[PDB]
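Listed below, chain by chain, are the residues.
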Amino acid sequence: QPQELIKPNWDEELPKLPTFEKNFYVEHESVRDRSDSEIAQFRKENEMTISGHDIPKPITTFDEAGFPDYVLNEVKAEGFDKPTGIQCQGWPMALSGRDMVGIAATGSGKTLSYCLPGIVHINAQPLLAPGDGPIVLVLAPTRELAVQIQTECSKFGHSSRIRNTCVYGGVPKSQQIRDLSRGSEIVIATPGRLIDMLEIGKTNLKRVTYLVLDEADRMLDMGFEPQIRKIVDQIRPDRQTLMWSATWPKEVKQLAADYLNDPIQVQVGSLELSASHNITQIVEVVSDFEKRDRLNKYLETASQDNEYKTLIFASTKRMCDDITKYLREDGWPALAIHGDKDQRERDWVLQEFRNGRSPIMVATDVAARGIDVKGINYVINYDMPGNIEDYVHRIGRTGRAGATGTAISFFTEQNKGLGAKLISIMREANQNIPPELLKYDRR
Amino acid sequence: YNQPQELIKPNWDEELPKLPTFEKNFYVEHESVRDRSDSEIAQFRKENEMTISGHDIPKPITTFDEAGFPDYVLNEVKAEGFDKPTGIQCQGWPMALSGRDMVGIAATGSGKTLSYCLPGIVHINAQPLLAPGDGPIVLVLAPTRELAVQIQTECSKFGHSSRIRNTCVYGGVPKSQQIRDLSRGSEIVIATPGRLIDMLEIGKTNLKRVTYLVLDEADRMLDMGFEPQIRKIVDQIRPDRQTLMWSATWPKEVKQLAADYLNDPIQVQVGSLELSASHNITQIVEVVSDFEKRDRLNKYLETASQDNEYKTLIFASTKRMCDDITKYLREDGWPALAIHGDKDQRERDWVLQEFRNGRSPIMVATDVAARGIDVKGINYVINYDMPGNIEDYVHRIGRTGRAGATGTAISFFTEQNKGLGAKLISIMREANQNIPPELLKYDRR
Amino acid sequence: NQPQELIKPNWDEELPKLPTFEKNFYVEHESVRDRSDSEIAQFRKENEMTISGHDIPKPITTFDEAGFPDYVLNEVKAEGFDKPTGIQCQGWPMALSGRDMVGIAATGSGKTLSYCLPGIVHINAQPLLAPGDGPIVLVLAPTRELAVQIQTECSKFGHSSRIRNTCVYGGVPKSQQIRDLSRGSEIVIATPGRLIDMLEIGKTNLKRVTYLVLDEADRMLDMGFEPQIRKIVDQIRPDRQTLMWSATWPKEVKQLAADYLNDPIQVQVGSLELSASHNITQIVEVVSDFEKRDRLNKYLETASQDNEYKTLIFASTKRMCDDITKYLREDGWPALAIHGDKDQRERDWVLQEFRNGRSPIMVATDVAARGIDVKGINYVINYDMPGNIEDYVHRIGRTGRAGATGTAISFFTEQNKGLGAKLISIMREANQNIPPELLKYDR
Amino acid sequence: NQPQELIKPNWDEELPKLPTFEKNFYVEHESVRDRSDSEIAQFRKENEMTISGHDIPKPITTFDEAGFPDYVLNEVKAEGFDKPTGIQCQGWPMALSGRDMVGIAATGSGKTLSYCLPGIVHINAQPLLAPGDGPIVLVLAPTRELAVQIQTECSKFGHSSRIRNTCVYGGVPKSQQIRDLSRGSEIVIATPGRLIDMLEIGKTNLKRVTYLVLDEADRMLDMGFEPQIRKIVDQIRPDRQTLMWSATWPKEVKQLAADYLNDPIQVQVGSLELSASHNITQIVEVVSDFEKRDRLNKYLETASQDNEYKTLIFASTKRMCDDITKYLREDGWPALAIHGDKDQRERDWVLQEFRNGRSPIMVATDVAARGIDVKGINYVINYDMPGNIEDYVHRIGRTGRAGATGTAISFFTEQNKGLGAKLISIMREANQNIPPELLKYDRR
Ligand SMILES: Nc1ncnc2c1ncn2[C@@H]1O[C@H](COP(=O)(O)OP(=O)(O)O)[C@@H](O)[C@H]1O
Ligand SMILES: Nc1ncnc2c1ncn2[C@@H]1O[C@H](COP(=O)(O)OP(=O)(O)O)[C@@H](O)[C@H]1O
Ligand SMILES: Nc1ncnc2c1ncn2[C@@H]1O[C@H](COP(=O)(O)OP(=O)(O)O)[C@@H](O)[C@H]1O
Ligand SMILES: Nc1ncnc2c1ncn2[C@@H]1O[C@H](COP(=O)(O)OP(=O)(O)O)[C@@H](O)[C@H]1O
Ligand SMILES: [Mg+2]
Ligand SMILES: [Mg+2]
């Protein structure tokens, strides 16, 4: 805050900055030749379609990607195989130095599609020369989703000794300045918390050559574009930008044309959320004050069965700090999982929820990602997500074998933008729709 | 928070049947180890000069794939790029992964740290989840702040696959931030005995899940009077745990301690006091230095500054005195860079980059920080502090004068390390020694 | 610094430099004198009274028969109290007469206010406090949880006559405890440990103390408080009025009464016997402090099998009562707590949720659970053990009223050796079986 | 560096390795010799001199008569006083010649400037401080409030030849004591208690101390500081020049001189005694700590009845003098205070408001109320008592010079029993009535 705004004149300062390389792709032995026929059948096998110039070719296995061995032995240490559809096509795009757009399901590997090409980008550049800022900068919509990607970059950047900082709201900055002063090759920042440390000048965006935007759709819902364009005007314009999000409305396409240089977009996601038919959806029009009483009403209704197993969902981590701080004081056993928690800390909470030691657990969307806890009654959406991909995945946590379940959601008028497609999720699963939810179905 | 006290010493003869069950042995003698048979091993022992004395000691490994390590950890030594594991790790791993109490003595250029860190992770993953309010399962004890964090930097690089969390708790610093990391749970704790007891008295940790205890550098740790505090820490750990001792000096106190805390121990020694002792460096250690140390250093740098471009290497034993030495001379107008273990994980390679590029002729470093560097071309290596053994001294001075066949070594010796005066002349008198007018006191019997 | 820490005054020549005060304020009423010598004779015998002294007054029968002014009488009026306790029926006119007295009764019948109401009329008879003068009333309690309740009830009758009271006690920072003494206070309820300290640091003086109270004398002698008390009364004028109060009458309490009281008049009211009703199964486990949470989790899962259990965990202090309920909520258990320092009226919302099965588990202290007939209690768990057995009997006494069945699981440690002799003495009176591990601690 | 430290250094082997300083700078301007040998003899006991030594120099008459440079002499002129004190008339040639010397005089004599000015010329012969070097001049003082009096008194003659001076003393947070020592100072003012606490943390060093002074070594010896200075004087070069100063001549002060001074030379300037010129009604009251606030209030109602009363309260510490000042102000009594740390010139504005009767009550410390003519004051209450009986005689001495009447209310506690023995003989010689309760602390 105390003094800075000035935007630099990059027409004048680009000849003053050092030179960097962005293209690294290796076009490994196997891919060519196949050739140009079985890729087509493989492409739209896993929902791939191309629209761009000089398309690279998809990969099949990890070892066919031009990743070095210090990062390739970490995919092995993490036990994965068969990289995700976007990782099979997005990586040859990213290692070629191209600006690109990537949309896929939230739960797919959009994160590692830019995290791994960012490590090769860093290690090709000289040492950090203290007082130099980061080389990779990724901007995220919310505080605790920045930490999920920051726990995903620490999994593959120890080999290269890469230092990483995460800058986000809601916390004292006196700890993040002492992580930035030690140097950090990757910085994960929220636009609100990042600018006011560039205005006090404890970091620079002068070495940022590889910029990536995770979940740009969510980014637009908080009015953060006045804050991102202000700092993207503080970076060298010849960097490589990588867009990533889950949806494809008209507003992400507007943002792509303003920052990307000849962008290439990857589409893997696809409408046909099936809304597995064995879940009763009850959506209720409520307000800010009306909850915490409907929850007691639906918790004591769940309490009558034994042993019930309830899962409450929130979209922030401090709404889970609020809900849990309220159930426990009313006399309800409650456990929580959010992003600022540690996996092994979150894995003990997941273990105690399966053996039925406490029937209630509050969770966030990022924490409740790829979990199989069978036995779940009464999944409660105390909040509603920003998209219809998380809703189906939120309620998708009920009923595989027994083939029955209920999902209690608390809906309010500031969530109507998804109602129109929400009824079509209830309408395909042949669920009853309340007359007060038809208020959010027109045009 | 605040609480000042507790003391409890438990009666383990009565509390053992109430404790859960755990496994310590895991190692399975992979293909090429068996069998040879006992003809190949015979001189590979003295090829790697390792000395075993116990009963039913397992047989050494040669490959990484020959250790009973899973692939999720074996794919991490690959990402670190290591081949041909260290000699002591080639025999210490079959011993330690087999759940036996052991002591290992070798020079601090070996893999002593990872010879017990890697077997400790499989020990962790064989136990249930941490069940909050449970303390660590592995406890490693270190003498000082900056040795513990090197232990933490080798456990951090190998715990992502298993998501193992590790904390390091050490004295001389406000307690306010390590308590918030202990509460989130940590499977491995690396502690100095000085503060470790100081967190059991106000109670943010327990030693009741500790099944795999390690004592690193027990010789130097014993030299600072930490044993009266180690009595308190081992009296609160299950007596049936697995203890693994490691040190460099092989006294004359371990033999006592090893047989007071280890149950049926197995010792392996790889090092030997007989090698190198490089004669191509003029070693000039004569300065009493009690508190002169800064005054001679400017004068010994004023003589070094005359040549150009000189390249000087200052050595310290602690980080808090290694951030100091740079803090003392830079204010007199001397270009200095600092290198230690606590900070500067990636930063020390930039300082080493500016030491090769000739950007600053002076660099202060500690023994843990100056590990495996070939930055040679270094005149006038100064031991402003002195190490605990005669193998760190030789490696301190050993980084000068190989090709050009000349070098100098200035050390500052004082009564606070007189226990090593006897051993340095044994290398100095082989080294065509100087006159000890001030070591006179420190050679007899 | 806070030095020099004992100085004994010379009362023999500095007492003639201190102001004069009066101790006798009672004026016998029309219906009290006389009846006579038969109605007061029997009335002491139908209330188990036993007097011993010189010039013992006639006991009271109703509130207005006591020589109380009207501004304190209209306080018991608004409090809606019926037919004051026997110890109040005779304890009042003895205290109002300026006489040193001893009152023996069960912990809770009338003892606290037996000296508070006569202590207030003692206060309003003196000039204002002239800031930098200490208190007129000095109350000594052994523990923080007991000293708070004295202040919690002295603050209930000291607002008509504007009156301030303070608690000073160990384990807590003293900075705030001095900023209330900075305001001056007529009454102080003090722990010997923290009282000796603030006198050595010169943040209060005992020069205005003329009316001394020693509550829970049997506790203080069990905790080695006499050598600290002997130093406290070294700084009080010898013509003070000292009032002793206790629950038992061993040889060390009545030696302490003879050493400090001038012509004391004893009154014994209670029954002195602990019958330990036999329809509760008393299970005692000799454990240490690090097993207590594991076995609580295992005894709670045993109660969890019932439908529906209602357990009461017991702690002695506020700090662990906060620990226990902190730890249960993180283990997945529904937990409520009630203690004295906090929870004056919010304490009663907890009792209201615990009676109705809103929450099956409630943690409490011994003082906080005083006089609650919350029937429905199975499995009262003594996570702590008190210093005295009268509280144990009342702790376990909360299990089985009509159905006449219950369980009590106690956690016994080496630190509780002082009560083992009296713990088994009642466990065999109730003819419950004793496990061998606490036979070490008999006699 | 925060271990324990100050193990004795080996000076027979470490002294040849330090740079060198010379101590002799006195020039003995020419006509000081000769007079001679009888007109010096008349000079000696006009000022009550007592000399015992070898090769004794001759004393001074005027400021111009000393072998002082001009940069130091232009300030003795700037204060506007002539004719330095009898102890300054010989103490300067003793100290400026670099010989170990002890001077005894009353506390209030010119004992101070006999060491301040010869210490600065000793500095100016040496190079700049070369940060990380400790001080050259070290003087030891017994009390915080006496240590600040000399460092506020060193701030008068060391500005021109720029010399920085710091005061380090116990009972206060050390975080500001190290940050002025970080500035470096040729003169540092230290209490034995807080000096060892800065040598063990290694934020000052005693390697360059060449000019040691022991001011008021008598009172320092009574507080058990001797085992601590032998700890301190063994951490400094043995070839230094030491300067002792005190008012009393016990057997322990001279055995203290033979143990630390090398070939010491002795001078006294005063025919001792304090005979408590008698004009004050002394009412001693054997009291304890918790009643004194009410006891002073009753003595204030007794003074407040008079008009216009003017009372002076005395304390020994600054911190217990701010307590007294804003403790009766809570009782409704207007009080003003004077101490050594603070109130540089407002010490003088409160003094002007005290005589003209804008405020009748004033609390004071010992050093802050020394050498003031504030007469018109009755009712001086010694709420605290000093460590010796020489300050108290002056403390009560503020009551009655012309009018020939005065009162002195003293508060005595077993915290002051060390002074009870001689308190009675001063009251018995002033033939004041003696309370029965104070006779407890007199003999054996
Ligand atoms: N090929 C793969 N095999 C197994 N797990 C994977 C693979 N790719 C990613 N993951 C896991 O999925 C998660 C990554 O999800 P993320 O990419 O953040 O979702 P989004 O698509 O919203 O970015 C991480 O937990 C990662 O470990
Ligand atoms: N597989 C390996 N091959 C070769 N060197 C290794 C290997 N693993 C670790 N090292 C090196 O050996 C050292 C391991 O630390 P170590 O020397 O055991 O600490 P200490 O010996 O003081 O206990 C480090 O310097 C590290 O670079
Ligand atoms: N006359 C009365 N009528 C009804 N309740 C009373 C009366 N006197 C005291 N009480 C109750 O008894 C308690 C007073 O303290 P008490 O329990 O008597 O301590 P002790 O048991 O040590 O005497 C209060 O909780 C109050 O509600
Ligand atoms: N030559 C002088 N002329 C006038 N005043 C002096 C002279 N020397 C010292 N003083 C005064 O004496 C005080 C110095 O303290 P001092 O009284 O010497 O303490 P001590 O009694 O311990 O010697 C200063 O306040 C100063 O004003
Ligand atoms: Mg080691
Ligand atoms: Mg009571």
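Rules used throughout
- Each chain carries its own residue count, beginning from 1 and running in the order its sequence is written; this scheme need not agree with the entry numbering, and residues with no coordinates do not appear.
- To read the labels, note that chains go from A and ligands from 1, taken in the order they are written.
- Reported quantities concern only the chains on display, which constitute a fraction of a larger assembly.
- Heavy atoms from the whole structure form the basis of all side-chain values; hydrogens and water molecules are not counted.
- UniProt positions are given in the numbering used here, feature names are shortened, and annotations may be inferred rather than shown by experiment.
- Between any two strands, at least two bridges found by DSSP are needed for them to pair.
- Helix and strand assignments follow DSSP, with helices taken as H or I runs no shorter than four residues and strands as E runs no shorter than two, numbered in order from the N terminus.
- For helices, the axis comes from a line fit to the C-alpha atoms of the stretch in contact; other axes are also lines fit to C-alpha atoms, and the angle between any two N-to-C directions lies between 0 and 180 degrees.
- The contact definition used throughout considers only heavy atoms, calling two residues in contact when any of these lie within 4.5 Å.
- Two parts placed together each lose some accessible area under a 1.4 Å probe, and the buried area is that loss summed for both.
- Each reported salt bridge corresponds to a side-chain nitrogen of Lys or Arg within 4 Å of a carboxyl oxygen of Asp or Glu.
- We define proximity as follows: a residue is near a molecule or strand when any one of its heavy atoms falls within 4 Å of that partner.
- By the criterion applied in these results, polar contacts are pairs of N or O atoms within 3.5 Å in which, for protein atoms, one can donate a hydrogen and the other can accept it, and in which residues neighboring in sequence qualify only through two side-chain atoms.
- All accessible areas in this document rest on Shrake-Rupley with a 1.4 Å probe, and a residue is counted as covered only by the protein chains that are shown.
- Only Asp, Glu, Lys and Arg are considered charged, only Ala, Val, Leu, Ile, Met, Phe, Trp, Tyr, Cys and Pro nonpolar, and every remaining residue, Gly among them, polar.
- Any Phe, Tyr or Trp ring, taking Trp's six-membered ring, that has another such ring centre within 6.5 Å forms a pair; planes under 30 degrees apart are called stacked, those over 60 apart edge-to-face, and the others tilted.
- Burial status follows relative accessibility: with a 1.4 Å probe on protein chains alone, a residue under 20% of its type maximum counts as buried, one over 50% as exposed, and anything between as partly exposed.
- Should the NZ of a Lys or the CZ of an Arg lie within 6 Å of a ring centre and within 35 degrees of the ring normal, that charge is described as sitting over the ring.

- The deposited coordinates derive from X-ray crystallography, with the record listing a resolution of 3.05 Å.

- In the annotation of the PDB entry, chain D is listed under the name ATP-dependent RNA helicase DBP2 and assigned to Saccharomyces cerevisiae.
- Of the comments in the UniProt record for chain D, the one headed Function (literature references left out) reads "ATP-dependent RNA helicase involved nonsense-mediated mRNA decay and ribosome biogenesis through rRNA processing. Associates directly with chromatin, correlating with transcriptional activity. Required for assembly of mRNA-binding proteins YRA1, NAB2, and MEX67 onto poly(A)+ RNA."
- The record in UniProt for chain D states the following under Catalytic activity: "ATP + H2O = ADP + phosphate + H(+)".

- Looking at the PDB entry, chain C carries the name ATP-dependent RNA helicase DBP2, with the source organism given as Saccharomyces cerevisiae.
- Per UniProt, the comment on chain C under Function (literature references left out) is "ATP-dependent RNA helicase involved nonsense-mediated mRNA decay and ribosome biogenesis through rRNA processing. Associates directly with chromatin, correlating with transcriptional activity. Required for assembly of mRNA-binding proteins YRA1, NAB2, and MEX67 onto poly(A)+ RNA."
- According to UniProt, the comment filed for chain C under the heading Sequence similarities is "Belongs to the DEAD box helicase family. DDX5/DBP2 subfamily."

Here we look at the sheet that holds strand 3 (residues 137-140) of chain D
Residue and element names in this part refer to chain D.
Piece 1. Reading across the sheet, the 8 strands line up as 1-8-2-7-6-3-5-4 and stay open at both edges, with mixed pairing between neighbours. Each having just a single partner strand, strand 1 (50-52) and strand 4 (165-168) make up the two edges of the open sheet. Strand after strand, the sheet turns through a mean of 15° between neighbouring axes, direction not considered.
Piece 2. Two elements, strand 2 (residues 101-104) and strand 7 (residues 241-246), share 4 bridges in a ladder whose sense is parallel. Along strand 7, the bridge assignment pairs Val102 with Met244.
Piece 3. Against the sheet, helix 5 (residues 113-124) makes contact with strand 3, strand 5 (187-190), strand 6 (211-215) and strand 7, and its axis sits at roughly 170° relative to strand 6, the strand it touches most.

A word on the interface of chain B and chain A
Piece 1. Chain B puts 31 residues into the contact, and the matching count from chain A is 33 residues.
Piece 2. Here chain B and chain A share an interface that buries about 2700 Å² over both sides, 49% of which is from carbon and sulfur atoms.
Piece 3. Summed over the three residues of chain B that lose the most area to chain A, namely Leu129, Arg184 and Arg346 of chain B, the buried surface amounts to 27% of that side.
Piece 4. The interface formed by chain B and chain A includes 5 salt bridges.

Looking at the site of ligand 1
All names here are of chain A.
Piece 1. Neighbouring ligand 1 are 18 residues; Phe80, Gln87, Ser108, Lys110 and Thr111 lie closest to it.
Piece 2. Within the side chain of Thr111, a nitrogen or oxygen atom sits 2.3 Å from an oxygen atom of ligand 1.
Piece 3. A distance of 3.2 Å separates an oxygen atom of ligand 1 from a polar atom in the side chain of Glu152.
Piece 4. Coverage of ligand 1 by the protein amounts to 76% of the 580 Å² it exposes when considered alone.
Piece 5. A breakdown of the residues in the shell around ligand 1 according to their chemical character gives 4 nonpolar, 8 polar and 6 charged.

Section: the site of ligand 4
All names here are of chain D.
Piece 1. Ligand 4 sits among 16 residues. The nearest are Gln88, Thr107, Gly108, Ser109 and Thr112.
Piece 2. The separation between an oxygen atom of ligand 4 and a polar main-chain atom of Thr107 is 3.2 Å.
Piece 3. One nitrogen or oxygen atom from the main chain of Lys111 is found 3.1 Å from an oxygen atom belonging to ligand 4.
Piece 4. For ligand 4, whose free accessible area comes to 550 Å², the fraction covered by protein is 75%.
Piece 5. Taken together, the residues of the shell around ligand 4 sort by class into 5 nonpolar, 7 polar and 4 charged.

So, the interface of chain C and chain D
How big an interface is tends to be stated in terms of accessible area lost as the parts join.
Piece 1. At the junction of the two partners, chain C supplies 13 residues and chain D supplies 13 residues.
Piece 2. Of the roughly 1200 Å² buried where chain C meets chain D, counting both sides, 44% is carbon and sulfur surface.
Piece 3. Where chain C packs against chain D, one counts 0 salt bridges.
Piece 4. Counting across the interface, chain C meets chain D through 1 residue pair in polar contact.
Piece 5. Class assignment for the residues of the side of chain C that touches chain D results in 3 nonpolar, 5 polar and 5 charged.

Quick look at unusual backbone geometry
Piece 1. Cis peptide bonds are those with omega within 30 degrees of zero, and the linkage from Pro251 of chain B to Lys252 of chain B qualifies with 5°.
Piece 2. Within the element layout of this structure, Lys252 of chain B appears in the loop between strand 7 (242-247) and helix 11 (254-261).
Piece 3. Here the amide bond leading from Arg35 of chain D into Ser36 of chain D is cis, since omega sits at -5°, within 30 degrees of zero.
Piece 4. Position of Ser36 of chain D among the secondary structure elements: in the loop between helix 1 (11-14) and helix 2 (39-46).
Piece 5. Even without being a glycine, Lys83 of chain C presents a positive backbone phi close to 60°.

Points about the packing of aromatic side chains
Piece 1. According to the stated counting rule, one finds 22 aromatic pairs over all chains in the structure shown.
Piece 2. Relative to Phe410 of chain A, the ring of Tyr382 of chain A lies with its centre 6.2 Å away and its plane at 70°, an arrangement referred to as edge-to-face. Of this pair, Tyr382 of chain A sits in the loop between strand 13 (379-381) and helix 15 (388-395) while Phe410 of chain A sits in strand 14 (residues 406-411), placing them 28 residues apart in sequence. This pair shows no difference in class: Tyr382 of chain A is buried, exactly as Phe410 of chain A is.
Piece 3. Relative to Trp92 of chain C, the ring of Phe68 of chain C lies with its centre 5.4 Å away and its plane at 55°, an arrangement referred to as tilted. Highlighted residues: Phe68 of chain C in the loop between strand 1 (50-52) and helix 3 (70-79) and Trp92 of chain C in helix 4 (residues 86-95), separated in sequence by 24 residues.
Piece 4. On the accessibility criterion, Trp92 of chain C (1% relative accessible area) is buried.
Piece 5. It is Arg292 of chain A that lies over the ring of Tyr326 of chain A; its NZ or CZ is 4.8 Å from the centre.
Piece 6. We note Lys298 of chain D situated over the ring of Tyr299 of chain D; from NZ or CZ to the ring centre the distance is 5.0 Å.

Some details on the UniProt feature "short sequence motif: Q motif" in chain C
Piece 1. The feature "short sequence motif: Q motif", as given by UniProt, occupies residues 61-89 of chain C in the numbering adopted here.
Piece 2. Between the C-alpha atoms that bound residues 61-89 of chain C the distance is 6 Å, and the span itself is 48% helix and 0% strand.

Concerning the pattern of salt bridges
Residues and elements named next belong to chain A.
Piece 1. One pass over the structure, following the stated rule, counts 75 salt bridges over all chains.
Piece 2. In this structure, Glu12 engages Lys16 in a salt bridge whose closest nitrogen and oxygen atoms are separated by 4.0 Å.
Piece 3. Taken together, the shared-partner salt bridges in this structure form one network comprising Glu12, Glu13 and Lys16.

Quick look at the arrangement of the chains
Piece 1. Take the 5 pairs of chains in contact: the one carrying the most contacts is chains A and B.
Piece 2. Kept free of each other, chain A and chain D leave a smallest C-alpha distance of 22 Å between them.

Observations regarding the pairing of strand 8 (residues 265-268) of chain D
All names here are of chain D.
Piece 1. By the alternation rule, side chains of strand 8 split into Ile265 and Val267 and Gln266 and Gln268, which are all buried.
Piece 2. Pairing of strand 1 with strand 8 involves 3 bridges; the strand directions are antiparallel. Within strand 8, the residue paired with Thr50 across the bridge is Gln268.
Piece 3. Pairing analysis gives 4 bridges linking strand 2 to strand 8, with the strands arranged parallel. Bridging from a neighbouring strand, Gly103 pairs with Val267 of strand 8.

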